[PDB]
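# Structural overview for review
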Amino acid sequence: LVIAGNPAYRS
Amino acid sequence: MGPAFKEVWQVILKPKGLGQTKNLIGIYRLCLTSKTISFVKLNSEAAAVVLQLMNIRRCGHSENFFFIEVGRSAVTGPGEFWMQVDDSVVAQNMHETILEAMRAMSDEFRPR
């Protein structure tokens, strides 16, 4: 399950 | 001007979650606007779902499935936008080009 993340999401 | 999308990809939405209750499925296009995504329908004219990368929790590209986990502040809300590409190349080609644009925003955002 190749997955990535969002850096500009902030959270 | 407005519609200055940096990159543009063509994918086929997949009925997983958000694309089931709101009826979001068919052939769309992931237009990366170096800050705001734009799901435009190939059989349409104006953008369909103008979302923002700052609201996308994360984005996975399992081989050909390029889903995008979205959280609060999303044009649709909490859920996920799964889709399918041509194969295991267009997905690894749109995830590497989209990972650099988003990395330029959070990285070039501001200290603190």
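Residues numbered from 1 in each chain as written, not as in the entry; some residues may be left out. Chains lettered and ligands numbered in written order. Heavy atoms only, no water.

## Some remarks on the overall build of chain B
- Looking only at helices and strands, chain B has two helices and eight strands in total.
- Starting at the N terminus and ending at the C terminus, chain B contains elements arranged as β-α-β-β-β-β-β-β-β-α.
- Projected onto its principal axes, the C-alpha positions of chain B cover 40 × 30 × 30 Å.
- A burial count over chain B gives 42% of its 112 residues as buried.
- The long-range share in chain B, meaning contacts at least 24 apart out of those at least 6 apart in sequence, stands at 37%.
- Counting only carbon and sulfur atoms, one obtains 45% of the accessible surface of chain B, whose full area is about 6600 Å².
- Once the 13 positive and 11 negative side-chain charges of chain B are each reduced to a mean point, those two points are 10 Å apart. (Helix = DSSP H or I, 4+ residues; strand = E, 2+ residues; numbered from the N terminus. Buried < 20%, exposed > 50% of the residue type's maximum accessible area, 1.4 Å probe, protein only. Contact = heavy atoms within 4.5 Å. Areas by Shrake-Rupley, 256 points an atom, 1.4 Å probe, with all protein chains shown as cover. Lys, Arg positive; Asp, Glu negative; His and termini not counted. Charge placed at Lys NZ, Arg CZ, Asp CG, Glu CD.)

## Digging into the side chain of B:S62
- Checked against the element boundaries, B:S62 lands in strand β5 (residues 56-62).
- Setting aside anything within four residues of it in sequence, one finds B:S62 in contact with A:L1 and A:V2.

## Some thoughts on the pairing of β5(B)
All names here are of chain B.
- Taken across its seven residues, β5 has five buried, putting it largely inside the fold.
- With six bridges connecting them, β5 and strand β6 (residues 65-70) associate as antiparallel partners. What sits directly across from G60, in β6, is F67.
- The antiparallel hairpin formed by β5 and β6 contains two residues in its connecting segment, where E63 sits at a positive phi of about 65°. (Pairing = 2+ DSSP bridges.)

## What to know about the interface of chain A and chain B
- Across the contact, 10 residues belong to chain A and 21 residues belong to chain B.
- Both faces combined, the contact of chain A with chain B buries some 1300 Å², and carbon together with sulfur accounts for 63% of it.
- A per-residue breakdown of the area chain A buries against chain B is headed by A:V2, A:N6 and A:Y9, which together make up 44% of the total.
- Run the count over chain A and chain B and you get zero salt bridges.
- The residue makeup of the side of chain A that touches chain B, split by class, is seven nonpolar, two polar and one charged. (Buried area = accessible area lost by both parts, 1.4 Å probe. Salt bridge = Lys/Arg side-chain N within 4 Å of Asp/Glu carboxyl O. Nonpolar A, V, L, I, M, F, W, Y, C, P; charged D, E, K, R; others polar.)

Any functional reading would require information that these geometric values do not contain.
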